[PDB]
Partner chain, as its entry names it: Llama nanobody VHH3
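Shown here is one chain on its own, the form deposited without the partner chain, set out as structure tokens.
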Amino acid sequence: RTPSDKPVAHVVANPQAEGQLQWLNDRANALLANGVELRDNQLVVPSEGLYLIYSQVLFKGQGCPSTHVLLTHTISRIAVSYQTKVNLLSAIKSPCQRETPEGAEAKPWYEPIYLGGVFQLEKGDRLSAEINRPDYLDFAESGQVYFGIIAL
């Protein structure tokens, strides 16, 4: 065989979908081996083990609007028994400070956030990397937005 036995997965955001982050393992450079499945846009964990659960999204806007743009990306985990979203890793970014553009429009900011950690998950647990602003997500990527778990 080739994909070893350790339950793995490296999902990439879908460039077609818009204003929504949909995870696609079915492109080049994407894995979903030995157990892991993609169900409700959430990775489901095959076996009780220890997993590293990184993820990365890449935000983009054109000029800084009024109303403070606070951006967030978080990896929550809904466990078998206690089926509620408990927050694993998270992070906020505020890419705007400015007067909110003027004498020259545009000039786009870019803002990536990365989340990585080692956590214990059981059989049937689910995970899901999500953001508060699917409008700002960016993708003429190939590797700009991703979500993955690997058993260790």
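Numbering follows the first chain given and starts at 1.
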Averaging C-alpha B-factors over each stretch, which comes out higher, 15-23 or 138-146? 15-23
Out of 101-109 and 120-128, which one has CA B-factors that are higher on average in the deposited record? 101-109
Identify, among 56, 87, 84, 41, the residue whose C-alpha carries the highest B-factor in the deposited PDB entry. 84
From 115, 31, 36, 50, pick the one with the largest CA B-factor in the entry? 36
Split the chain's modelled residues into thirds by Cα B-factor; residue 80 lands in the highest
Would you please rank residue 8 by its C-alpha temperature factor against the other modelled residues of its chain and give the third it falls in: lowest, middle or highest? lowest
